[PDB]
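Peer 1: below is the sequence, then the experimental coordinates.
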Protein chains: 2
Amino acid sequence: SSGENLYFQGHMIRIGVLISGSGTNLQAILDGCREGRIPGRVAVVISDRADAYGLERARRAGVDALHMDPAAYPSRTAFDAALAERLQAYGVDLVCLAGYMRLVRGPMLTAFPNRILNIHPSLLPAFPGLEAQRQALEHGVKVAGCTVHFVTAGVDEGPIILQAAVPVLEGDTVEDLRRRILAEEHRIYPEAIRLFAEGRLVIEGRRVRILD
Amino acid sequence: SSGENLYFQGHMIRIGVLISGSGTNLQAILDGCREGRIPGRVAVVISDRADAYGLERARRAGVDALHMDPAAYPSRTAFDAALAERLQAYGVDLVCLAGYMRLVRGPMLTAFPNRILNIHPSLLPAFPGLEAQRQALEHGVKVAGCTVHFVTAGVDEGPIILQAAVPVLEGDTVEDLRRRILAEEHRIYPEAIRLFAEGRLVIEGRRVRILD
């Protein structure tokens, strides 16, 4: 009942996606926008790796696919500043991390306060960090899942938006669990982005209120 | 294909349940045994509180319902030794904690090594300890659940047997979440006990291998 009518759609957003490899999650975002499930468009996809398949997914969808080389910058902060700058040139409203295997620094957090999302393969707060699927199997849990959350300075500590659980089967290999979790990730990442775009996410402390 | 035939059923077990109050989980155990879902019988129910409704559930099911007063013993260890002793008089093969709000000590761990189960209202390792439902709501998770695990000396650190997840709804009160989790607890506690009785649980490190 706000910002929407025949000629105007004020909540539409421009999404910038950061990747490092296959970019499986990027695919769901691209399709969601194309098929109208996500109110917005993927403005650009940036990879910190030149030979990432995610960039090919981007090209096939007609989205600008860029590669920015960290080794071409003097420091980590410098790289993040360049990233942030490039994202702004595309007028990005929401940054979504999809397999981006690098920590977000002050420059990015500053350029996109409360506007950077990430999808993590575990039911946070359990198993933060890398190889969460393996962490789950090693710990012996019987249930695992994924988490979409706002990104803060701390490793996987940001406000939780959506979570989805999956069973852990006896004999599950890390890849078996990775796949099962991935199937949920493809579902909740687009939903989280839509909720963001609809202005239905309200951060309070480390929690997220989801409006009706 | 082992220990079972027309006249013999070697895996049947005698269950001893410890409670402190309502004993909601005790009910599922009692019914499971009565209706034949659990291969065994509840031999005795012991409460550390005289006016616990769980004891009434026990009497109605025809099970010995006992109250042992901690204040009648000189120490915590002393109380646990008395508990263990009473359980042995009933020939208990498996001790199941159902709302028992006291830590298990050396005497009990010694009398029932790898034979004490507990049901915890969270998806361990997340939120161990008391008021796990409230811990979940305060942290802001969107998924929670319960965990059935073998009990070790450390607070809710034992090998995980089964877990069940439930959604956390916007506006959930602690009781709302407690109820939703409880519905799953009533399902997996009996299943975990049956698996134990069937000799299908193999502890390896902090993990549990569940046989076919």
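Peer 2: Ah, there it is. Numbering: from 1, shown residues only, chains lettered A, B, ... in the order given.

Peer 1: so which residues on chain A come close to chain B?
Peer 2: Contacts of chain A with chain B, taken as C-beta under 8 Å from any C-beta of the partner chain, map to A:123-126, A:138-143, A:145, A:159-165, A:170, A:205-210, A:212. From N, CA and C alone the C-beta is placed, and that goes for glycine too.

Peer 1: top helix in chain A by residue count?
Peer 2: If you go by DSSP state H, chain A has its longest helix at helix A:174-197.

Peer 1: so for it, what gets flagged as buried?
Peer 2: By 16 or more other C-beta atoms under 10 Å in any protein chain shown, the buried positions in helix A:174-197 come out as A:177-178, A:180-182, A:184-186, A:188-197.

Peer 1: of the residues of chain A next to chain B, buried ones?
Peer 2: Looks like those have A:123-126, A:139-143, A:145, A:159-165, A:206, A:208 buried, using 16+ other C-beta under 10 Å.

Peer 1: in strands, which of the residues you listed fall?
Peer 2: Among those, the members found in strands (DSSP state E) are A:143, A:145, A:160-165, A:208.

Peer 1: would you mind giving these as JSON lines with distance to residue A:40 added?
Peer 2: Compiled in JSON lines, those are given as follows (distance: C-beta to C-beta, whole Å):
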{"residue": "A:143", "distance to residue A:40": "32"}
{"residue": "A:145", "distance to residue A:40": "26"}
{"residue": "A:160", "distance to residue A:40": "22"}
{"residue": "A:161", "distance to residue A:40": "16"}
{"residue": "A:162", "distance to residue A:40": "17"}
{"residue": "A:163", "distance to residue A:40": "23"}
{"residue": "A:164", "distance to residue A:40": "22"}
{"residue": "A:165", "distance to residue A:40": "27"}
{"residue": "A:208", "distance to residue A:40": "19"}
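
Peer 1: how many residues are close by the spatially closest residue to residue A:177 that is not a sequence neighbour?
Peer 2: Leaving aside its sequence neighbours, residue A:177 sits nearest to residue A:133 (C-beta to C-beta, 6 or more residues apart in numbering or on different chains; 4.8 Å). As a burial measure, residue A:133 scores 25 neighbours (other C-beta atoms under 10 Å in any protein chain shown).

Peer 1: do residue A:44 as well
Peer 2: Around residue A:44 sit 20 other residues, with neighbours defined as other C-beta under 10 Å.

Peer 1: now do residue A:35
Peer 2: 9.

Peer 1: what do you get for the one 10 residues further on?
Peer 2: Other residues near residue A:45 come to 28 when the count uses other C-beta under 10 Å.

Peer 1: thought it was touching residue A:62?
Peer 2: No. Residue A:45 is beyond contact range of residue A:62, at 11.2 Å (criterion: C-beta atoms under 8 Å).

Peer 1: contacts for the helix or strand residue A:86 falls within next, please.
Peer 2: Using DSSP states H and E, residue A:86 falls within helix A:76-89. With C-beta atoms under 8 Å, 6 or more residues apart in numbering or on different chains as the test, helix A:76-89 has contacts from A:16, A:18, A:44, A:46, A:48, A:66, A:68, A:70, A:73, A:95, A:102-108, A:110-112.

Peer 1: next step: those residues restricted to strands.
Peer 2: Short answer: those in strands (DSSP E) are A:16, A:18, A:44, A:46, A:66, A:95.

Peer 1: buried ones among the residues you listed?
Peer 2: By 16+ other C-beta under 10 Å, those give A:16, A:18, A:44, A:46, A:95 as buried.

Peer 1: gap between the residue of chain A positioned farthest from its centre and residue A:36?
Peer 2: Distance from the C-alpha centroid of chain A, by C-alpha atoms, centre = their mean, peaks at residue A:6 (30.8 Å). As judged by C-beta to C-beta, to the nearest Å, residue A:6 and residue A:36 stand 17 Å apart.

Peer 1: thanks a lot, see you next time.
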